[PDB]
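Asks: Quick one: the structure is below, and I'll ask about it shortly.
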Amino acid sequence: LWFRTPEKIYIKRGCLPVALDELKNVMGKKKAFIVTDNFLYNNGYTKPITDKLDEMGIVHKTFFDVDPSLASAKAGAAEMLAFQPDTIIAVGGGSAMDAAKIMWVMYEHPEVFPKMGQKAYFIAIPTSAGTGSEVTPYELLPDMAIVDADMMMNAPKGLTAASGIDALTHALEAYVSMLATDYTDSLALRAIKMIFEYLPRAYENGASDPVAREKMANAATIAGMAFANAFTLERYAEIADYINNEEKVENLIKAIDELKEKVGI
Amino acid sequence: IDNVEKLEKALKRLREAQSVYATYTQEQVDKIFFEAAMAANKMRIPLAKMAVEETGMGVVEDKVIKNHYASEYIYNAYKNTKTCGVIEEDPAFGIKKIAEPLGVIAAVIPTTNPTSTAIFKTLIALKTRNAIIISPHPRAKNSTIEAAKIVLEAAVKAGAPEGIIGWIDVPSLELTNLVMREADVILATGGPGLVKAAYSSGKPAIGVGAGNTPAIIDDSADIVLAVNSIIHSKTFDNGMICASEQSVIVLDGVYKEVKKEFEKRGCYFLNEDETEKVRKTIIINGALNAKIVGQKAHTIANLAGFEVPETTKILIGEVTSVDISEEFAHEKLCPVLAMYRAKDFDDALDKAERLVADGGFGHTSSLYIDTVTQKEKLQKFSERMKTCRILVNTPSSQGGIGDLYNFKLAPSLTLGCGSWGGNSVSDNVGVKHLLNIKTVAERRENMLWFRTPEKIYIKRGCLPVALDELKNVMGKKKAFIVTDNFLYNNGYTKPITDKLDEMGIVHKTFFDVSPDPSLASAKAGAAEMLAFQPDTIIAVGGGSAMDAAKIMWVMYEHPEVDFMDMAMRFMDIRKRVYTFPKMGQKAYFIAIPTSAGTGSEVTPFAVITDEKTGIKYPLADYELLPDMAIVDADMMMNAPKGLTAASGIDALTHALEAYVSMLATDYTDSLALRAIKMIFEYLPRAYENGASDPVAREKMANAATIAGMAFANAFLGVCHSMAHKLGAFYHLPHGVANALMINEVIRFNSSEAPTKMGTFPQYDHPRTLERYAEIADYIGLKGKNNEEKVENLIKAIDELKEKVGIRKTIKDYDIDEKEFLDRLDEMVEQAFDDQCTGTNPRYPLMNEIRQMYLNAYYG
Ligand SMILES: [Fe+3]
């Protein structure tokens with residue numbers, strides 16, 4: 001077995017500026033390539049990142065044209081090759097991160113796993129709390145991950161519910177998986193317990209309950225780690241007890257149905 | 001207002017008016033500013049005539065220009081500047097500036113600029129929402145008063161409070177002294193005698209200095225431009241304006257052309273007798289003559305006693321000395337000018353500094369030079385003059401008040417001279433000097449992290465695979481194996497050297513590491529590494545070998561590093577004074593544990609014994625994380641009984657203190673809980689059988705690794721701060737020392753009313769009892785009231801200690817009572833001054849640490 005995670009994972013509210021100032025100017029990077037989508041770029045969710053990269057001396061280029069398509073990935077790779085960046089920042093979560101990873105692969109290896117750590121330094125910043133794509137791939141694994149609730153305060157209700165259910169599903173299959181070990185078991189159990197407590201609060205109040213949003217972000221990250229490191233009746237019984245080993249499955253499925261009802265699925 | 005009582009009443013009414021005016025919005029202030037600027041601009045011509053008639057000096061046209069400047073440019077500069085409420089707002093942080101007003105201002109007006117300065121000060125006071133009191137010079141009083149009226153009425157026609165500008169009709173020394181002592185802030189002007197009283201009154205003040213300004217002309221200069229600029233600036237308002245050139249230093253190379261250009265355009269050069277006459281005329285009885293300021297060159301010459309053509313503009317007298325005794329080296333607000341002869345640029349710089357230090361210290365200075373190829377001379381000039389306003393190719397009178405010839409310079413009168421002149425501004429006085437910026441702060445939290453070594457391989461028999469990976473993807477060629485003598489003598493490194501000797505890797509081993517390693521062994525290992533120059537480092541020992549290998553790695557990649565500098569205590573890991581050097585260029589670090597409960601294969605700590613005094617110094621930084629962690633049960637199935645028990649209890653203490661620590665997040669919480677459960681579930685079986693229970697041995701190693709990650713990301717507490725010193729003083733094993741103190745630290749931390757807390761932003765209130773309750777619930781214990789659960793946890797820990805053959809107290813390990821008592825006083829101080837102590841939730845004191853030690857010893 002193994003255990004692979006990104007080099008640095010930074011988690012707290014308001015950690016985006018400090019995670020950039022204290023490292024990016026320290027490493028001496030001079031060029032940045034932000035990759036986002038139309039919606040986030042238009043609403044101005046990339047403003048703090050460009051504002052931070054403006055205070056210190058880095059020139060930045062934004063690519064906001066991206067389910068992703070391979071044609072968009074090739075266009076982004078061509079744009080990267082023309083711009084020749086050094087740091088790649090992926091913002092948006094989900095499709096945006098996969099697209100950015102593919103662009104990174106094609107930009108650092110135009111011949112097309114090969115070793116891609118020479119031309120670019122990859123940073124992932126999620127704006128959704130369901131995918132956990134910043135910690136999952138093993139040569140696609142990002143070099144750094146920044147998790148803060150400020151980027152995820154104003155998510156819509158349907159997206160919030162879908163993201164929560166996706167994180168729950170990831171945690172459940174990470175715990176049940178045949179390759180699961182103690183590390184993934186502990187992470188998945190923690191993620192499930194945090195999901196069964198704060199998802200209704202995040203779906204009801206939304207931005208009015210920042211604690212629930214931050215807990216959902218952390219649970220999404222833990223579930224992503226568990227899924228990345230881990231791709232039966234006793235397992236489900238232990239999960240239910242943590243939250244005659246036959247009725248426990250029924251109670252767990254009833255609780256899952258109740259949670260789905262609470263978020264309007 | 002010519003007596004005290006009326007002045008006090010005026011202050012009272014001005015304070016009442018300011019209290020109302022301080023709450024106006026942006027639009028009202030904008031309208032008032034616009035109306036006042038309109039009135040002041042429209043009344044530019046009569047004011048200049050009145051000022052010239054009353055003061056008896058100056059040129060009416062230049063005063064018109066000055067009034068028009070003080071209205072139009074002042075309005076244009078701060079036309080759309082925000083001075084009302086929130087200015088800067090950073091949502092990520094919690095900072096917010098409000099920019100409140102200042103209060104009532106006591107403004108002093110000189111006699112050289114009666115109306116323009118009054119207009120400027122009144123406008124900047126109105127824009128900033130402050131009241132103002134004008135104290136006019138006795139020579140120009142009426143004119144200044146009129147200026148204020150021209151604004152005041154306009155202000156109250158836009159919505160300003162009635163008594164928002166006030167003035168003293170008849171000024172006197174006692175009245176001025178009293179009015180300075182009452183206003184919150186003083187805005188002084190008029191040079192020495194008044195600025196000293198402003199700065200010695202008990203209230204904050206903003207004064208201005210004045211004096212000589214030197215103009216330098218060198219070989220590579222535009223002669224026509226320099227001469228004409230000097231003439232323009234000197235003749236502007238007959239030199240009665242401040243910052244006008246008082247002396248010009250011309251180099252030897254272009255003296256003739258400069259002199260010819262000066263005499264071509266209306267300048268009169270003085271011979272010896274006329275120079276002496278002007279000397280006697282200018283300074284009388286060691287003071288400036290009051291009948292010379294603002295007068296024409298012809299008038300000055302007639303006062304001296306000789307006649308000059310009616311078209312003469314400047315009187316120029318060539319002199320040689322720059323000392324105080326030279327009357328031509330002093331300030332003179334008149335068209336009289338002095339010219340110096342210089343040999344090279346350095347002589348010009350020396351004369352300029354000698355002339356600016358004695359006179360206008362901190363005020364303007366000017367240079368004329370070709371700033372295309374003579375870049376070095378410009379930098380030399382810049383890095384030499386104690387001058388707040390250095391001008392290049394610019395007339396000084398119009399350059400000091402800079403919006404005409406240069407931009408991005410604040411347009412204003414009241415030229416600040418900085419600390420050199422006894423002032424506190426060192427800049428052009430704008431609106432930002434009349435504001436009280438107040439900041440709003442919101443509670444944030446420190447950024448946290450999750451840092452682990454990459455490529456952590458977890459499987460029995462996986463060492464062959466992970467060591468074969470070394471050649472395919474990485475392809476290293478040299479290997480250095482750091483172990484201890486015990487495992488080397490018993491052949492515990494045989495598989496590794498067998499795997500390396502299979503293929504093309506040259507390997508060397510170092511086995512001279514004793515338990516509790518010393519720094520001399522670190523030097524020996526670093527020297528051997530330097531001699532061999534390896535590409536990989538492998539540590540195949542449990543507790544001491546990893547620390548030794550890490551310190552040899554540090555001393556090998558950076559031989560110039562110092563241990564005492566590198567082993568300092570800090571408060572924040574990311575704010576430490578000493579920054580660890582990067583370690584990724586020479587060697588590759590691999591850790592292969594053989595004792596379960598150390599966790600050093602995944603953590604940034606390393607403890608080293610000094611051997612000079614005998615103190616175990618722990619040092620921590622994330623640059624020490626190995627690049628490869630290989631854990632395999634095969635090399636851990638032959639541990640003794642006592643060693644296994646010590647390792648298990650040390651791992652349990654690691655997990656408990658990681659869970660309880662202030663730096664605790666969900667990651668370390670889950671890891672610590674899993675490690676805690678798996679240690680209780682499997683430790684006795686591993687201790688009893690050992691070789692016959694492979695499952696228990698694998699589970700113990702897995703739990704040890706989980707706990708290692710847990711406290712690698714969340715630092716430990718005071719239990720280790722005590723156990724380190726206890727095991728260093730009496731040669732006790734680390735696990736045993738941890739076992740004897742955990743059940744007392746648990747009681748120490750679980751207090752709803754602690755004497756002190758751990759001063760961490762996310763640690764809001766004492767919550768340790770609840771955390772211990774969660775631990776008890778997860779481990780499978782029963783209780784109620786959140787109190788019996790902690791007691792049952794303590795009982796379970798005691799039973800676990802009893803099961804693994806660990807005694808009950810310190811005294812059971814043959815520790816002399818007198819020796820213990822004689823060194824407890826010195827050991828407590830060392831226990832308190834430890835790196836881990838700063839992370840404990842309760843932050844123990846000295847007496848409480850001593851009491852814990854006594855309770856541990858006496859049971
Ligand atoms: Fe320890």
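Naming scheme: A, B, ... for chains in displayed order of the structure tokens; residues 1 onward per chain; ligands 1 onward as shown.
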Taking the backbone alone, and naming residues the way the document does, which bits of region 102-251 of chain A are alpha helix (DSSP H) by DSSP, as a count of residues only?

Replies: 86

Asks: Taking only C-alpha atoms and all ligand atoms and a cut-off of 9 Å, can you tell me which residues surround ligand 1, written as a PyMOL selection string?

Replies: chain B and resi 597-599+650-651+653-654+716+719-720+723-724+734-735+738

Asks: If you run DSSP on the backbone, which residues of region 271-323 of chain B are strand (DSSP E or B), as a ChimeraX atom specification?

Replies: /B:283,288,314-318

Asks: Write out, as a PDB file, in the first residue's frame, the residues just selected, with C-alpha atoms.

Replies:
ATOM      1  CA  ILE B 283      22.355  92.494   8.407  1.00  0.00           C
ATOM      2  CA  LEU B 288      17.822  90.784   9.344  1.00  0.00           C
ATOM      3  CA  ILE B 314      19.155  91.291  -9.036  1.00  0.00           C
ATOM      4  CA  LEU B 315      22.259  92.469  -7.158  1.00  0.00           C
ATOM      5  CA  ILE B 316      24.983  89.808  -7.347  1.00  0.00           C
ATOM      6  CA  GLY B 317      28.067  89.905  -5.145  1.00  0.00           C
ATOM      7  CA  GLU B 318      30.833  87.326  -5.474  1.00  0.00           C
TER       8      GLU B 318
END

Asks: Do a neighbour search on region 72-75 of chain A at 6 Å with only C-alpha atoms, toss out local chain neighbours closer than 3 positions, and write the hits as a PyMOL selection string.

Replies: chain A and resi 66+69+78+99+103

Asks: Which residues are near residue 212 (chain A)? Cut-off 12 Å, only C-alpha atoms, ignore same chain within fewer than 4 positions. Put them as a list in words.

Replies: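 Neighbouring residues, sequence-local ones excluded: residues 129, 149, 152, 153, 160, 164, 194, 195, 196, 197, 198, 199, 200, 201, 202, 203, 204, 205, 206, 207, 208, 216, 217, 218 and 219 of chain A.
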
Asks: At a cut-off of 7 Å, which residues of chain B touch chain A? Count only C-alpha atoms and give the answer as a list in words.

Replies: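 Close to chain A, chain B has residues 92, 93, 447, 448, 449, 450, 451, 454, 455, 456, 457, 458, 459, 670, 671 and 674 of chain B.
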
Asks: Compile the contact shell of region 64-73 of chain B as an MDAnalysis selection string: residues with an atom at most 9 Å away, counting only C-alpha atoms, same-chain residues fewer than 4 positions apart removed.

Replies: chainID B and resid 36:38 40:49 59:60 77:78 113 115:117 119:120 123 403 411:413

Asks: Neighbouring residues of residue 127 (chain B) were defined as those with any atom within 10 Å, considering only C-alpha atoms; residues of the same chain fewer than 5 positions away were excluded. Please report them as a list in words.

Replies: residues 26, 29, 30, 31, 32, 33, 34, 36, 75, 78, 79, 81, 82, 83, 84, 121, 122, 431 and 434 of chain B
